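*Asks:* The structure is given below, and queries will be raised subsequently.
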Amino acid sequence: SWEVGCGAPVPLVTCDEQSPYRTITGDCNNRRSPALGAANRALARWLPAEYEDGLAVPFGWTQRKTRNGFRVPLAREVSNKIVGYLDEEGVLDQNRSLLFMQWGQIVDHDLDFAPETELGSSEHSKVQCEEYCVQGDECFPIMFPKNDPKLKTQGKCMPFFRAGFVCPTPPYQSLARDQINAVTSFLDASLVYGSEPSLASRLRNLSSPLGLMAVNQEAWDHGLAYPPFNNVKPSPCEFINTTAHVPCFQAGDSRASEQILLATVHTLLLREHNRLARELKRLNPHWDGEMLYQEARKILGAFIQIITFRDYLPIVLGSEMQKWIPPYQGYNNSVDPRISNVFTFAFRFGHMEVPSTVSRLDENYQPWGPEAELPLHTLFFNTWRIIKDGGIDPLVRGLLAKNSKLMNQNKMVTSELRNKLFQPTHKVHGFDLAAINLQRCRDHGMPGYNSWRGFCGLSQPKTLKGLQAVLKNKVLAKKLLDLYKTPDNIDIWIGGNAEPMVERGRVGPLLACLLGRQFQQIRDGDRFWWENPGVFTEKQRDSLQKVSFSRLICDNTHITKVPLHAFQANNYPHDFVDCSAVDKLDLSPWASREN
Ligand code: HEM
Ligand SMILES: *[C@@H]1O[C@H](CO)[C@@H](O[C@@H]2O[C@H](CO)[C@@H](O[C@@H]3O[C@H](CO)[C@@H](O)[C@H](O)[C@@H]3O)[C@H](O)[C@H]2NC(C)=O)[C@H](O)[C@H]1NC(C)=O
Ligand SMILES: *[C@@H]1O[C@H](CO)[C@@H](O[C@@H]2O[C@H](CO)[C@@H](O[C@H]3O[C@H](CO)[C@@H](O)[C@H](O)[C@@H]3O)[C@H](O)[C@H]2NC(C)=O)[C@H](O)[C@H]1NC(C)=O
Ligand SMILES: *[C@@H]1O[C@H](CO)[C@@H](O[C@@H]2O[C@H](CO)[C@@H](O[C@H]3O[C@H](CO)[C@@H](O)[C@H](O)[C@@H]3O)[C@H](O)[C@H]2NC(C)=O)[C@H](O)[C@H]1NC(C)=O
Ligand SMILES: *[C@@H]1O[C@H](CO)[C@@H](O[C@@H]2O[C@H](CO)[C@@H](O)[C@H](O)[C@H]2NC(C)=O)[C@H](O)[C@H]1NC(C)=O
Ligand SMILES: [Ca+2]
């Protein structure tokens, strides 16, 4: 191979070798090999990178060059022809709450993040992309095909920059380009506590010995907290409503303010940390703040794991769950916990569950106001609707009462995500998330749909007749191939999401596999998975078995009517009950006595 020890990590980090707490950066989880699963490292590769120069140039970069004898189809075209649909009627999920879509993006944000490239503190190359669509170094533009309404309106392309890579950041030239995972790989509530030591500190209230997370000093939501503002200008959140002046929130994960519902659950989490930290200083008055913070951060992680694996995953993989995530058997130090590259494209299945509108219900779960239901696009980096229009209570009820959008072969990604996405750097509400995933698949060097089919031991459709067989849909299989010319070339994201859904789950054969084994590895290769003997005392686990997101809401809001099973479609009021019916997380077990 090229080099066993490359990498520009958060230098200098030695293992406390017996401390009952995870490191903020993920180091020292695995004793034998320390950086396994730590942040700011190359995503893991399950199959060899497929680049045009076999080395780092994306398929679709030069245009005399082909992929298996054919030209790859323009990202935006695959979008226009396959992804979009017009009639939003009937795409809702009869059995999944918006929360279902919402949790997915939290976990995800906890497990991976491949940043973009800058190396420009005061650039014009940033501009050559934006204004000229000049494909060159770190700029890999998304051109618009013939007859795209976006030409008459936006220009010739949608600016797009390549993800960040390893050994350096500047040009570079050796072993197949690998992308960076800026966040730790373990399900450990990092979107909340940060991945860099530097940032993890700034988020804490080190002004008092209480292990509390720093909160907003400028605004309150009925006496309850909000995250603090990211007082860095220029801010996206500000730009969307000049008059309002309300900046983005600041959490352990930078994508925290991308959309209104996501900030909401970020708040509920920040809120739960401090509540835990307080319940613990009432119980263990002698604890210093560091033990508070840590102890709390430990419960929280346990929280995100139990919810994710007990309640979320089973309705995602369905009949395919046990085939991939068999019951726990203990820590396996020989398992690579690292998040793979393809995983970051397989978990995107979620983009197809985002409905076109966000609602705010009042206390009777009735429409809240004259502008209760809003277009999803007016909510990207919209923080001012939280702070200045109800707080998070109205939105938390939308999550529990409203449904998620169901993945459909003829209605894939809502046009609010595929025609009007707002990207923090740019100004217009005209990006296409469908095209973006597709250029990114290519940016990361993903091998085609068939290699993955194979990788997972599934039939490798080579023909129209075969593809048809796999998708149970003659028309999609035909549009697919008229564009790709061969099933070997279909991009993992679109090919993956096009399959029908396995039984009782929400994703098909190939994604069940991909998602299936990643989660199996991060659970089996985490020295701190809550069930692994040693991490939590027997008694402590017995209360942790009782957490529920519904409780998370009850203890951290003023919603008082909640469903018992928040991930499935519940109606109001038949399915809602009083918070008192919801079991609480008893922390007595954390009580520590001196003598
Ligand atoms: C309205 C809701 C959502 C919006 C507006 C949104 C937006 C975005 C955007 C703009 C990107 C950057 C893509 C790129 O540059 O390559 C992204 C990436 C991603 N999204 Fe979505 N997303 C949403 C929901 C979800 C959901 C529900 C899931 C999963 C269940 C999900 C999973 C992912 C993953 C895994 C990435 C790449 C993360 C990384 O490796 O950096 N997203 N999203
Ligand atoms: C930018 O953000 C500001 C929020 O700071 C938005 O201003 C708000 O606009 C509405 C009018 O459409 C004001 O509400 C009105 O008064 C009461 C509600 O308080 C209601 O009974 C009326 O029917 C009407 O809704 C609201 O008070 C006002 N906020 C202030 C003080 O400026 C503005 O609409 C946003 N504009 C953009 C650029 O999207
Ligand atoms: C809407 O989604 C609900 C969430 O999955 C689902 O509830 C599920 O109900 C079935 C009832 O059979 C449970 O499945 C298990 O049922 C028994 C256990 O008593 C077993 O013998 C079966 O083999 C099976 O494993 C699920 O546990 C339960 N889901 C959860 C996690 O609460 C509803 O059935 C769905 N409603 C519709 C409209 O189909
Ligand atoms: C860091 O932690 C500090 C202590 O936990 C916290 O100080 C306390 O902040 C709360 C809310 O800002 C204040 O509580 C209430 O004070 C009066 C009560 O008479 C109310 O009228 C106010 O509206 C407010 O809600 C406390 O006064 C304050 N306590 C102390 C010790 O001064 C800081 O706010 C925290 N800072 C950060 C960045 O999180
Ligand atoms: C830990 O998990 C690993 C990987 O899944 C298991 O290793 C297997 O070990 C057998 C020999 O005992 C080898 O033939 C394979 O290379 C491994 N299987 C695979 C597919 O990786 C191991 O069984 C687990 N360790 C323990 C003690 O539970
Ligand atoms: Ca993590």
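Ordered as shown in the structure tokens, chains take letters A, B, and onward, while each chain numbers its residues from 1 and ligands are numbered from 1 in the order shown.
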As a ChimeraX atom specification, please: every protein or nucleic acid residue near ligand 6 (cut-off 10 Å, counting only C-alpha atoms and all ligand atoms).
*Replies:* /A:24-26,37-39,107-113,181-195,253,301,339,522
*Asks:* Applying 8 Å and only C-alpha atoms, which residues near segment 537-551 of chain A remain after dropping the ones on its own chain fewer than 3 positions away? List them as a list in words.
*Replies:*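 Counting only the stated atoms, we get residues 302, 303, 306, 307, 530, 531, 533, 534, 554, 555, 562, 563, 564, 565, 566, 579, 582, 583, 584, 585, 586, 587, 589 and 590 of chain A.
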*Asks:* Which residue, A:158, A:163, A:387, A:134, has the smallest gap to residue 249 of chain A when you use only C-alpha atoms?
*Replies:* A:387
*Asks:* Give me the chain A side of the contact with ligand 4, cut-off 9 Å, one line per residue showing its nearest atom pair and distance in Å at one decimal, counting only C-alpha atoms and all ligand atoms, sorted by chain and residue number, as a tab-separated table.
*Replies:*
residue	atom	partner	partner_atom_place_in_ligand_line	distance
A:203	CA	ligand 4	38 (C)	8.5
A:204	CA	ligand 4	39 (O)	7.4
A:205	CA	ligand 4	1 (C)	4.9
A:206	CA	ligand 4	1 (C)	7.3
A:207	CA	ligand 4	1 (C)	5.8
A:208	CA	ligand 4	2 (O)	5.8
A:209	CA	ligand 4	5 (O)	8.5
A:210	CA	ligand 4	5 (O)	6.7
A:211	CA	ligand 4	2 (O)	8.8
A:212	CA	ligand 4	2 (O)	6.5
A:213	CA	ligand 4	39 (O)	6.1
A:214	CA	ligand 4	39 (O)	3.5
A:215	CA	ligand 4	39 (O)	3.9
A:216	CA	ligand 4	38 (C)	6.3
A:217	CA	ligand 4	12 (O)	6.2
A:220	CA	ligand 4	25 (O)	8.5
A:223	CA	ligand 4	25 (O)	6.3
A:224	CA	ligand 4	25 (O)	8.7
A:225	CA	ligand 4	11 (C)	8.7
A:227	CA	ligand 4	39 (O)	8.9
A:228	CA	ligand 4	38 (C)	7.6
*Asks:* What are the closest atom pairs, with distances in Å to one decimal, for all residues of chain A lying within 6 Å of ligand 3? Consider only C-alpha atoms and all ligand atoms, order rows by chain and residue number, and present the result as JSON lines.
*Replies:*
{"residue": "A:95", "atom": "CA", "partner": "ligand 3", "partner_atom_place_in_ligand_line": "1 (C)", "distance": 4.9}
{"residue": "A:315", "atom": "CA", "partner": "ligand 3", "partner_atom_place_in_ligand_line": "5 (O)", "distance": 5.9}
{"residue": "A:568", "atom": "CA", "partner": "ligand 3", "partner_atom_place_in_ligand_line": "2 (O)", "distance": 5.1}
*Asks:* For residue 312 of chain A, please output as a list in words all residues within 9 Å (counting only C-alpha atoms; exclusion window: fewer than 4 positions along the same chain).
*Replies:*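 With the cut-off at 9 Å, the set is residues 100, 103, 104, 307, 308, 316 and 567 of chain A.
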*Asks:* Just want the residues within 9 Å of ligand 2, written as JSON, numbers by chain, counting only C-alpha atoms and all ligand atoms.
*Replies:* {"A": [240, 241, 242, 243, 244, 245, 246, 369, 370, 371, 378, 384, 385, 387, 388, 389]}
*Asks:* Mind listing the residues within 6 Å of ligand 5, only C-alpha atoms and all ligand atoms counted, as a ChimeraX atom specification?
*Replies:* /A:332,334-335
*Asks:* Output N, CA and C atoms for every residue in the selection just made, as a PDB file, in the first residue's frame.
*Replies:*
ATOM      1  N   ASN A 332     -16.294  -6.311  20.916  1.00  0.00           N
ATOM      2  CA  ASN A 332     -15.397  -7.060  20.046  1.00  0.00           C
ATOM      3  C   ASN A 332     -14.255  -6.168  19.558  1.00  0.00           C
ATOM      4  N   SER A 334     -11.922  -6.462  17.751  1.00  0.00           N
ATOM      5  CA  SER A 334     -11.434  -6.708  16.392  1.00  0.00           C
ATOM      6  C   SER A 334     -12.338  -6.137  15.310  1.00  0.00           C
ATOM      7  N   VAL A 335     -13.357  -5.396  15.723  1.00  0.00           N
ATOM      8  CA  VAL A 335     -14.292  -4.805  14.777  1.00  0.00           C
ATOM      9  C   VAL A 335     -14.023  -3.344  14.480  1.00  0.00           C
TER      10      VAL A 335
END
